[PDB]
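Chemist: Structure file coords.cif (mmCIF, N, CA and C atoms and all ligand atoms) is given on the next line.
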```
data_entry
loop_
_atom_site.label_atom_id
_atom_site.label_comp_id
_atom_site.auth_asym_id
_atom_site.auth_seq_id
_atom_site.Cartn_x
_atom_site.Cartn_y
_atom_site.Cartn_z
N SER A 979 0.82 -1.21 0.00
CA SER A 979 0.00 0.00 0.00
C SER A 979 0.86 1.26 0.00
N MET A 980 0.21 2.42 -0.16
CA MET A 980 0.93 3.69 -0.12
C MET A 980 1.55 3.93 1.25
N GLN A 981 0.81 3.64 2.33
CA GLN A 981 1.37 3.78 3.67
C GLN A 981 2.59 2.89 3.87
N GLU A 982 2.58 1.69 3.28
CA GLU A 982 3.74 0.81 3.39
C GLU A 982 4.94 1.38 2.64
N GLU A 983 4.71 1.94 1.44
CA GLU A 983 5.81 2.56 0.70
C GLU A 983 6.36 3.78 1.44
N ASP A 984 5.49 4.54 2.11
CA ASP A 984 5.96 5.65 2.94
C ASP A 984 6.89 5.15 4.04
N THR A 985 6.58 3.99 4.62
CA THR A 985 7.40 3.44 5.69
C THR A 985 8.79 3.07 5.17
N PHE A 986 8.85 2.39 4.03
CA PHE A 986 10.16 2.05 3.47
C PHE A 986 10.92 3.30 3.03
N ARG A 987 10.22 4.33 2.54
CA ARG A 987 10.94 5.55 2.20
C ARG A 987 11.54 6.21 3.43
N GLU A 988 10.79 6.26 4.54
CA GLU A 988 11.36 6.80 5.78
C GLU A 988 12.58 6.01 6.21
N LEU A 989 12.52 4.68 6.09
CA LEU A 989 13.68 3.85 6.42
C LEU A 989 14.89 4.20 5.56
N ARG A 990 14.69 4.38 4.24
CA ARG A 990 15.80 4.75 3.37
C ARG A 990 16.42 6.09 3.77
N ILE A 991 15.58 7.08 4.10
CA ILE A 991 16.08 8.38 4.55
C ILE A 991 16.93 8.23 5.80
N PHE A 992 16.44 7.45 6.77
CA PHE A 992 17.20 7.20 7.99
C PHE A 992 18.53 6.51 7.68
N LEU A 993 18.50 5.47 6.84
CA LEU A 993 19.72 4.72 6.54
C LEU A 993 20.74 5.57 5.79
N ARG A 994 20.27 6.43 4.88
CA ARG A 994 21.19 7.34 4.20
C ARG A 994 21.88 8.25 5.20
N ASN A 995 21.13 8.72 6.19
CA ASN A 995 21.70 9.64 7.17
C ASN A 995 22.75 8.95 8.03
N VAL A 996 22.44 7.75 8.53
CA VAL A 996 23.43 6.98 9.29
C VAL A 996 24.68 6.74 8.44
N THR A 997 24.48 6.29 7.20
CA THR A 997 25.62 5.93 6.36
C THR A 997 26.49 7.15 6.07
N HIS A 998 25.86 8.29 5.80
CA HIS A 998 26.60 9.52 5.58
C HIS A 998 27.45 9.88 6.80
N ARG A 999 26.88 9.76 8.01
CA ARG A 999 27.66 10.08 9.21
C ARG A 999 28.84 9.13 9.39
N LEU A 1000 28.70 7.86 8.99
CA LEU A 1000 29.85 6.96 9.03
C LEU A 1000 30.87 7.34 7.97
N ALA A 1001 30.40 7.66 6.76
CA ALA A 1001 31.31 7.94 5.65
C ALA A 1001 32.14 9.19 5.87
N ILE A 1002 31.64 10.18 6.61
CA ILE A 1002 32.42 11.41 6.80
C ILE A 1002 33.37 11.31 7.99
N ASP A 1003 33.35 10.21 8.73
CA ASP A 1003 34.26 10.02 9.86
C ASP A 1003 35.64 9.61 9.34
N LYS A 1004 36.67 10.39 9.67
CA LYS A 1004 38.01 10.14 9.14
C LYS A 1004 38.50 8.74 9.48
N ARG A 1005 38.07 8.19 10.62
CA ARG A 1005 38.52 6.85 11.00
C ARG A 1005 38.09 5.81 9.98
N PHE A 1006 37.00 6.06 9.27
CA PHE A 1006 36.36 5.03 8.45
C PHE A 1006 36.65 5.20 6.97
N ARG A 1007 37.60 6.08 6.64
CA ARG A 1007 37.90 6.36 5.23
C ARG A 1007 38.26 5.10 4.45
N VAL A 1008 38.92 4.13 5.09
CA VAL A 1008 39.30 2.92 4.36
C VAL A 1008 38.09 2.09 3.97
N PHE A 1009 36.93 2.34 4.57
CA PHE A 1009 35.72 1.59 4.26
C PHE A 1009 34.75 2.35 3.36
N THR A 1010 35.14 3.52 2.84
CA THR A 1010 34.17 4.32 2.10
C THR A 1010 34.05 3.92 0.64
N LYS A 1011 35.04 3.23 0.10
CA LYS A 1011 35.07 2.89 -1.32
C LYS A 1011 35.56 1.47 -1.47
N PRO A 1012 35.20 0.80 -2.56
CA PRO A 1012 35.72 -0.56 -2.79
C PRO A 1012 37.23 -0.56 -2.78
N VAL A 1013 37.79 -1.69 -2.35
CA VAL A 1013 39.23 -1.88 -2.35
C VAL A 1013 39.75 -1.87 -3.78
N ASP A 1014 40.77 -1.04 -4.03
CA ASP A 1014 41.32 -0.91 -5.38
C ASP A 1014 42.21 -2.10 -5.72
N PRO A 1015 41.94 -2.83 -6.81
CA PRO A 1015 42.72 -4.04 -7.10
C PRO A 1015 44.21 -3.78 -7.29
N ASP A 1016 44.58 -2.62 -7.84
CA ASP A 1016 45.99 -2.29 -8.03
C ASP A 1016 46.72 -2.22 -6.69
N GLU A 1017 46.27 -1.31 -5.81
CA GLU A 1017 46.97 -1.07 -4.55
C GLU A 1017 47.03 -2.31 -3.67
N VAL A 1018 46.19 -3.31 -3.92
CA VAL A 1018 46.18 -4.53 -3.12
C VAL A 1018 45.55 -5.67 -3.92
N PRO A 1019 46.36 -6.60 -4.44
CA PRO A 1019 45.85 -7.56 -5.43
C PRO A 1019 45.19 -8.79 -4.83
N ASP A 1020 45.62 -9.19 -3.63
CA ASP A 1020 45.12 -10.42 -3.01
C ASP A 1020 43.73 -10.27 -2.39
N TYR A 1021 43.14 -9.07 -2.42
CA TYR A 1021 41.85 -8.86 -1.74
C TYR A 1021 40.73 -9.62 -2.44
N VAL A 1022 40.61 -9.44 -3.76
CA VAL A 1022 39.61 -10.16 -4.56
C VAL A 1022 39.67 -11.66 -4.29
N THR A 1023 40.86 -12.18 -3.98
CA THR A 1023 41.00 -13.61 -3.69
C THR A 1023 40.41 -13.95 -2.32
N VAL A 1024 40.80 -13.20 -1.29
CA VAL A 1024 40.51 -13.59 0.08
C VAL A 1024 39.06 -13.29 0.46
N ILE A 1025 38.50 -12.19 -0.06
CA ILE A 1025 37.21 -11.69 0.39
C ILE A 1025 36.18 -11.98 -0.69
N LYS A 1026 35.29 -12.94 -0.41
CA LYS A 1026 34.35 -13.40 -1.42
C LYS A 1026 33.19 -12.44 -1.65
N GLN A 1027 32.88 -11.59 -0.68
CA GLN A 1027 31.70 -10.72 -0.77
C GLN A 1027 32.08 -9.33 -0.28
N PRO A 1028 32.72 -8.54 -1.14
CA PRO A 1028 33.20 -7.21 -0.72
C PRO A 1028 32.03 -6.30 -0.37
N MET A 1029 32.24 -5.44 0.63
CA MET A 1029 31.22 -4.46 0.97
C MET A 1029 31.93 -3.20 1.45
N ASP A 1030 31.33 -2.04 1.14
CA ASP A 1030 31.86 -0.75 1.57
C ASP A 1030 30.70 0.22 1.65
N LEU A 1031 30.97 1.41 2.20
CA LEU A 1031 29.87 2.34 2.47
C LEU A 1031 29.30 2.94 1.19
N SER A 1032 30.10 3.04 0.12
CA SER A 1032 29.54 3.52 -1.15
C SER A 1032 28.57 2.49 -1.72
N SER A 1033 28.90 1.21 -1.57
CA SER A 1033 28.00 0.16 -2.04
C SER A 1033 26.74 0.12 -1.19
N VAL A 1034 26.87 0.38 0.11
CA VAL A 1034 25.70 0.47 0.98
C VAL A 1034 24.76 1.56 0.49
N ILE A 1035 25.29 2.74 0.14
CA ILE A 1035 24.43 3.82 -0.37
C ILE A 1035 23.72 3.39 -1.65
N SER A 1036 24.44 2.74 -2.56
CA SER A 1036 23.83 2.25 -3.80
C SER A 1036 22.69 1.28 -3.51
N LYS A 1037 22.89 0.36 -2.57
CA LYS A 1037 21.84 -0.60 -2.24
C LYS A 1037 20.64 0.09 -1.61
N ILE A 1038 20.87 1.10 -0.77
CA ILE A 1038 19.73 1.84 -0.22
C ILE A 1038 18.89 2.39 -1.36
N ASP A 1039 19.55 3.04 -2.32
CA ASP A 1039 18.85 3.67 -3.43
C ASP A 1039 18.22 2.66 -4.37
N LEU A 1040 18.74 1.43 -4.41
CA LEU A 1040 18.11 0.34 -5.15
C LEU A 1040 17.01 -0.35 -4.36
N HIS A 1041 16.62 0.20 -3.20
CA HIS A 1041 15.56 -0.38 -2.37
C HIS A 1041 15.90 -1.80 -1.92
N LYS A 1042 17.18 -2.09 -1.67
CA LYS A 1042 17.56 -3.43 -1.25
C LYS A 1042 17.40 -3.67 0.24
N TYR A 1043 17.27 -2.62 1.06
CA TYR A 1043 17.10 -2.78 2.50
C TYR A 1043 15.66 -2.47 2.85
N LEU A 1044 14.92 -3.48 3.28
CA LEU A 1044 13.56 -3.30 3.75
C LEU A 1044 13.46 -3.31 5.26
N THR A 1045 14.54 -3.66 5.96
CA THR A 1045 14.57 -3.63 7.41
C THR A 1045 15.94 -3.13 7.86
N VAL A 1046 15.99 -2.68 9.12
CA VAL A 1046 17.27 -2.29 9.70
C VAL A 1046 18.19 -3.50 9.80
N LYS A 1047 17.61 -4.68 10.03
CA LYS A 1047 18.41 -5.90 10.07
C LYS A 1047 19.08 -6.18 8.73
N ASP A 1048 18.42 -5.91 7.60
CA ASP A 1048 19.10 -6.10 6.33
C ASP A 1048 20.30 -5.16 6.21
N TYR A 1049 20.16 -3.94 6.70
CA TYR A 1049 21.25 -2.97 6.62
C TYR A 1049 22.42 -3.37 7.51
N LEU A 1050 22.15 -3.70 8.77
CA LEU A 1050 23.24 -4.01 9.69
C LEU A 1050 23.99 -5.28 9.30
N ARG A 1051 23.34 -6.18 8.55
CA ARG A 1051 24.10 -7.32 8.06
C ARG A 1051 25.15 -6.88 7.05
N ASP A 1052 24.89 -5.82 6.29
CA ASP A 1052 25.96 -5.30 5.44
C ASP A 1052 27.00 -4.50 6.24
N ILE A 1053 26.60 -3.80 7.29
CA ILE A 1053 27.59 -3.18 8.18
C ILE A 1053 28.46 -4.26 8.82
N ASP A 1054 27.81 -5.33 9.32
CA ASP A 1054 28.53 -6.46 9.90
C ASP A 1054 29.52 -7.04 8.90
N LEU A 1055 29.14 -7.06 7.62
CA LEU A 1055 29.99 -7.64 6.58
C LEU A 1055 31.22 -6.77 6.33
N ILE A 1056 31.05 -5.45 6.31
CA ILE A 1056 32.21 -4.57 6.22
C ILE A 1056 33.21 -4.91 7.33
N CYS A 1057 32.70 -5.09 8.55
CA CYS A 1057 33.55 -5.38 9.70
C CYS A 1057 34.20 -6.76 9.60
N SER A 1058 33.39 -7.81 9.36
CA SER A 1058 33.95 -9.16 9.35
C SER A 1058 34.96 -9.33 8.22
N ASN A 1059 34.68 -8.75 7.06
CA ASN A 1059 35.64 -8.76 5.95
C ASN A 1059 36.98 -8.15 6.37
N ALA A 1060 36.94 -7.04 7.11
CA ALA A 1060 38.18 -6.37 7.50
C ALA A 1060 38.96 -7.21 8.49
N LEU A 1061 38.27 -7.85 9.44
CA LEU A 1061 38.96 -8.71 10.39
C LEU A 1061 39.57 -9.92 9.70
N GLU A 1062 38.88 -10.46 8.70
CA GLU A 1062 39.40 -11.61 7.97
C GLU A 1062 40.58 -11.23 7.10
N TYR A 1063 40.49 -10.08 6.44
CA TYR A 1063 41.59 -9.66 5.58
C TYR A 1063 42.80 -9.15 6.37
N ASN A 1064 42.62 -8.77 7.65
CA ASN A 1064 43.70 -8.21 8.47
C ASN A 1064 43.86 -8.97 9.78
N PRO A 1065 44.28 -10.24 9.72
CA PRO A 1065 44.35 -11.06 10.94
C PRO A 1065 45.64 -10.97 11.75
N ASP A 1066 46.71 -10.37 11.23
CA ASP A 1066 48.05 -10.46 11.81
C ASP A 1066 48.23 -9.48 12.97
N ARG A 1067 49.26 -9.72 13.79
CA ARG A 1067 49.54 -8.84 14.93
C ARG A 1067 50.21 -7.54 14.54
N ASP A 1068 50.59 -7.38 13.27
CA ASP A 1068 51.35 -6.19 12.90
C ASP A 1068 50.46 -4.95 12.96
N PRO A 1069 51.05 -3.78 13.22
CA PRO A 1069 50.22 -2.60 13.53
C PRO A 1069 49.32 -2.16 12.39
N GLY A 1070 49.73 -2.36 11.13
CA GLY A 1070 48.85 -1.99 10.03
C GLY A 1070 47.54 -2.76 10.06
N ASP A 1071 47.63 -4.08 10.22
CA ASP A 1071 46.45 -4.92 10.38
C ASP A 1071 45.66 -4.54 11.62
N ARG A 1072 46.36 -4.34 12.75
CA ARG A 1072 45.66 -4.03 14.00
C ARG A 1072 44.88 -2.72 13.88
N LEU A 1073 45.43 -1.73 13.18
CA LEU A 1073 44.76 -0.45 13.03
C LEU A 1073 43.46 -0.59 12.24
N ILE A 1074 43.49 -1.36 11.16
CA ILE A 1074 42.28 -1.58 10.36
C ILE A 1074 41.23 -2.32 11.18
N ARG A 1075 41.65 -3.34 11.94
CA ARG A 1075 40.70 -4.07 12.78
C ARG A 1075 40.05 -3.15 13.80
N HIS A 1076 40.85 -2.28 14.43
CA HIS A 1076 40.26 -1.37 15.41
C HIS A 1076 39.26 -0.43 14.73
N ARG A 1077 39.57 0.04 13.53
CA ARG A 1077 38.65 0.93 12.83
C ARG A 1077 37.39 0.19 12.39
N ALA A 1078 37.55 -1.05 11.95
CA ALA A 1078 36.40 -1.85 11.54
C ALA A 1078 35.44 -2.06 12.70
N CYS A 1079 35.99 -2.41 13.87
CA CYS A 1079 35.15 -2.62 15.04
C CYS A 1079 34.51 -1.32 15.49
N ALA A 1080 35.24 -0.20 15.37
CA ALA A 1080 34.64 1.08 15.73
C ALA A 1080 33.52 1.46 14.77
N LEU A 1081 33.69 1.16 13.48
CA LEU A 1081 32.62 1.42 12.51
C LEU A 1081 31.36 0.66 12.88
N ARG A 1082 31.51 -0.64 13.18
CA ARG A 1082 30.37 -1.46 13.58
C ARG A 1082 29.73 -0.94 14.87
N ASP A 1083 30.56 -0.68 15.89
CA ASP A 1083 30.04 -0.16 17.15
C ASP A 1083 29.31 1.16 16.96
N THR A 1084 29.85 2.03 16.11
CA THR A 1084 29.22 3.34 15.91
C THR A 1084 27.86 3.19 15.25
N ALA A 1085 27.77 2.36 14.21
CA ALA A 1085 26.49 2.16 13.52
C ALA A 1085 25.44 1.58 14.46
N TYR A 1086 25.80 0.54 15.23
CA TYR A 1086 24.84 -0.02 16.18
C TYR A 1086 24.41 1.02 17.22
N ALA A 1087 25.35 1.84 17.69
CA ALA A 1087 25.02 2.82 18.72
C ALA A 1087 24.10 3.91 18.18
N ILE A 1088 24.31 4.34 16.94
CA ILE A 1088 23.41 5.34 16.35
C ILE A 1088 22.01 4.77 16.24
N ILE A 1089 21.90 3.53 15.75
CA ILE A 1089 20.60 2.90 15.58
C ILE A 1089 19.92 2.69 16.94
N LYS A 1090 20.67 2.21 17.94
CA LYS A 1090 20.09 2.00 19.26
C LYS A 1090 19.55 3.31 19.84
N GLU A 1091 20.25 4.41 19.61
CA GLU A 1091 19.86 5.70 20.18
C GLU A 1091 18.75 6.38 19.39
N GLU A 1092 18.68 6.17 18.08
CA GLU A 1092 17.87 7.05 17.24
C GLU A 1092 16.76 6.35 16.46
N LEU A 1093 16.75 5.03 16.39
CA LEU A 1093 15.70 4.33 15.66
C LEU A 1093 14.64 3.82 16.64
N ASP A 1094 13.39 4.24 16.44
CA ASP A 1094 12.30 3.75 17.28
C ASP A 1094 12.08 2.26 17.04
N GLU A 1095 12.03 1.49 18.13
CA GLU A 1095 11.90 0.04 18.00
C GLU A 1095 10.58 -0.35 17.36
N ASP A 1096 9.53 0.46 17.55
CA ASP A 1096 8.26 0.18 16.89
C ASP A 1096 8.34 0.44 15.39
N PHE A 1097 9.18 1.39 14.96
CA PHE A 1097 9.38 1.59 13.53
C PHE A 1097 10.09 0.39 12.91
N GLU A 1098 11.15 -0.11 13.55
CA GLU A 1098 11.82 -1.28 12.99
C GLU A 1098 10.89 -2.49 12.98
N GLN A 1099 10.06 -2.65 14.01
CA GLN A 1099 9.12 -3.78 14.04
C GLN A 1099 8.11 -3.69 12.90
N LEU A 1100 7.58 -2.49 12.64
CA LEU A 1100 6.69 -2.28 11.50
C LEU A 1100 7.35 -2.71 10.19
N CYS A 1101 8.59 -2.24 9.95
CA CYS A 1101 9.30 -2.65 8.74
C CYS A 1101 9.39 -4.17 8.65
N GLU A 1102 9.70 -4.83 9.77
CA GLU A 1102 9.78 -6.29 9.79
C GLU A 1102 8.44 -6.91 9.40
N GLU A 1103 7.36 -6.45 10.02
CA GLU A 1103 6.06 -7.07 9.80
C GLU A 1103 5.55 -6.82 8.39
N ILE A 1104 5.82 -5.65 7.81
CA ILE A 1104 5.50 -5.45 6.40
C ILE A 1104 6.26 -6.45 5.54
N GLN A 1105 7.57 -6.59 5.80
CA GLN A 1105 8.41 -7.46 4.99
C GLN A 1105 7.97 -8.92 5.11
N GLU A 1106 7.65 -9.38 6.32
CA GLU A 1106 7.20 -10.75 6.51
C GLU A 1106 5.90 -11.05 5.78
N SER A 1107 5.11 -10.03 5.46
CA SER A 1107 3.86 -10.19 4.73
C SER A 1107 4.04 -10.17 3.21
N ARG A 1108 5.29 -10.10 2.74
CA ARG A 1108 5.56 -10.06 1.30
C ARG A 1108 6.27 -11.34 0.85
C1 LIG B 1 39.25 -2.51 3.52
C2 LIG B 1 40.33 -3.38 4.18
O1 LIG B 1 40.05 -4.37 4.87
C3 LIG B 1 41.60 -2.99 3.99
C4 LIG B 1 41.95 -1.95 3.20
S1 LIG B 1 43.68 -1.86 3.26
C5 LIG B 1 43.85 -3.16 4.30
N1 LIG B 1 44.96 -3.70 4.84
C6 LIG B 1 46.20 -3.22 4.57
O2 LIG B 1 46.45 -2.27 3.82
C7 LIG B 1 47.34 -3.94 5.29
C8 LIG B 1 47.56 -3.28 6.66
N2 LIG B 1 47.01 -5.35 5.52
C9 LIG B 1 46.97 -6.28 4.56
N3 LIG B 1 46.64 -7.54 4.86
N4 LIG B 1 47.25 -5.94 3.29
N5 LIG B 1 42.63 -3.64 4.59
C1 LIG B 2 33.93 -7.11 17.13
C2 LIG B 2 35.31 -7.06 17.79
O1 LIG B 2 36.26 -7.72 17.35
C3 LIG B 2 35.44 -6.26 18.84
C4 LIG B 2 36.26 -6.58 19.85
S1 LIG B 2 36.14 -5.35 20.97
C5 LIG B 2 35.03 -4.43 20.10
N1 LIG B 2 34.48 -3.25 20.43
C6 LIG B 2 34.65 -2.71 21.67
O2 LIG B 2 35.28 -3.21 22.60
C7 LIG B 2 33.96 -1.36 21.89
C8 LIG B 2 32.51 -1.59 22.31
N2 LIG B 2 34.68 -0.61 22.94
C9 LIG B 2 35.89 -0.04 22.77
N3 LIG B 2 36.46 0.62 23.79
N4 LIG B 2 36.54 -0.13 21.60
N5 LIG B 2 34.77 -5.09 18.96
#
```
Could you write out this structure as structure tokens?
Modeler:
Amino acid sequence: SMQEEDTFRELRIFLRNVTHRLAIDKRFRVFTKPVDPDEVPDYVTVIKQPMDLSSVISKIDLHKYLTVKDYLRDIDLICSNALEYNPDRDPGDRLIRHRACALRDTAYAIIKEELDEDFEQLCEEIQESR
């Protein structure tokens, strides 16, 4: 229905705002764009399902997220991919892991503070009826 489409549009507006706030954070610059194959060639090999904040924005605009849970699974994927690609004790790897975990923590904290739980439940119940 029209009211249901209004609900998903409000969700997209909210998700764009969260994603923008993550993308402008200097700590998260390494996650804003796909990994460039030149600067690092083994990434395409190790990481089967790449995700970054620019791809998240594209999926929002393609109406791919109908719930907050669909969105956070892609935030979770940005994080888990970074931990998998950077497992070593060396400081370069450790720095990316710390930033990845901070990105995930920040997104969850924004949603916990600013998303009404009844709004997320509505999105869920609309989606379960489709
Ligand atoms: C998005 C992501 O996970 C990235 C982007 S650059 C990076 N890691 C590195 O440049 C070094 C520190 N570690 C390697 N294993 N090459 N990890
Ligand atoms: C997913 C993962 O590997 C981890 C390990 S610890 C973490 N986040 C934290 O400890 C946040 C909540 N606190 C900080 N003072 N940083 N995330």
Chemist: Counting only C-alpha atoms, which residue out of A:1063, A:1021, A:992, A:986 sits closest to residue 1089 (chain A)?
Modeler: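 With only C-alpha atoms as the atom set, the closest residue is A:992.
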Chemist: Nearest to ligand LIG 2 (chain B) among A:1105, A:981, A:1058, A:1099, with distances taken over only N, CA and C atoms and all ligand atoms: which residue is it?
Modeler: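 So, comparing all the options, the nearest one is A:1058.
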Chemist: Which residues sit within 9 Å of ligand LIG 2 (chain B), counting only C-alpha atoms and all ligand atoms, listed as an NGL selection string?
Modeler: :A and (1057-1058 or 1061 or 1075-1076 or 1078-1080 or 1082-1084)
Chemist: Give me the box for ligand LIG 1 (chain B) as JSON, namely the centre and edge lengths in Å to one decimal of a box along x, y and z that holds every listed atom plus 3 Å on each side.
Modeler:
```
{"center_x": 43.4, "center_y": -4.7, "center_z": 4.9, "size_x": 14.3, "size_y": 11.7, "size_z": 9.5}
```
Chemist: Do you have, as CSV, the list of residues of region 1064-1096 of chain A lying at most 8 Å from region 1048-1053 of chain A, each with its nearest atom pair and that distance in Å to one decimal, counting only N, CA and C atoms and ordered by chain then number?
Modeler:
```
residue,atom,partner,partner_atom,distance
A:1081,C,A:1053,C,7.0
A:1082,CA,A:1053,C,5.8
A:1085,CA,A:1053,CA,7.6
A:1086,N,A:1050,CA,7.6
```
Chemist: Using only C-alpha atoms, which residue out of A:1077, A:990, A:998, A:1067 lies closest to residue 1038 (chain A)?
Modeler: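 Between A:1077, A:990, A:998, A:1067, the residue approaching residue 1038 (chain A) most closely is A:990.
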Chemist: List as a list in words the protein and nucleic acid residues lying within 7 Å of ligand LIG 1 (chain B), with all atoms listed in the file counted.
Modeler: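 Going residue by residue within 7 Å of ligand LIG 1 (chain B), we get residues 1008, 1009, 1012, 1013, 1018, 1059, 1060, 1061, 1063, 1064, 1065, 1066, 1069, 1070, 1071, 1072 and 1074 of chain A.
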Chemist: Of the candidates A:1073, A:1088, A:1062, A:985, which one gets nearest to residue 1024 (chain A) if we count only C-alpha atoms?
Modeler: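 Going through A:1073, A:1088, A:1062, A:985 one by one, the smallest distance to residue 1024 (chain A) is for A:1062.
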Chemist: Give the helix (DSSP H, G or I) residues of region 980-1057 of chain A, as DSSP finds them on the backbone, and put them as number ranges by chain.
Modeler: A: 980-1001, 1004-1009, 1021-1024, 1031-1039, 1046-1057
Chemist: For residue 1046 (chain A), which residue out of A:1092, A:989, A:1033, A:1028 is the nearest one, using all atoms listed in the file?
Modeler: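 Looking at the shortest contact to residue 1046 (chain A), the residue is A:989.
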Chemist: Give me the residues within 8 Å of residue 997 (chain A) as a ChimeraX atom specification, counting all atoms listed in the file and dropping any in the same chain fewer than 6 places off.
Modeler: /A:991,1003,1031,1034-1035,1085
Chemist: To one decimal in Å, tell me the separation between CA of residue 1002 (chain A) and CA of residue 1019 (chain A).
Modeler: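 Answer for the CA of residue 1002 (chain A) to CA of residue 1019 (chain A) separation: 26.3 Å.
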Chemist: Do you have the atom N of residue 1090 (chain A)-CA of residue 1026 (chain A) distance handy?
Modeler: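 According to the coordinates, atom N of residue 1090 (chain A) and CA of residue 1026 (chain A) are separated by 28.4 Å.
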Chemist: In Å, how far is it from CA of residue 1005 (chain A) to CA of residue 1055 (chain A)?
Modeler: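 Value for the CA of residue 1005 (chain A)-CA of residue 1055 (chain A) distance: 17.4 Å.
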Chemist: Just want the 8 Å neighbourhood of residue 1102 (chain A), counted on only N, CA and C atoms, with same-chain residues fewer than 6 positions away dropped. Output as a list in words.
Modeler: residues 1044, 1045, 1046, 1047 and 1096 of chain A
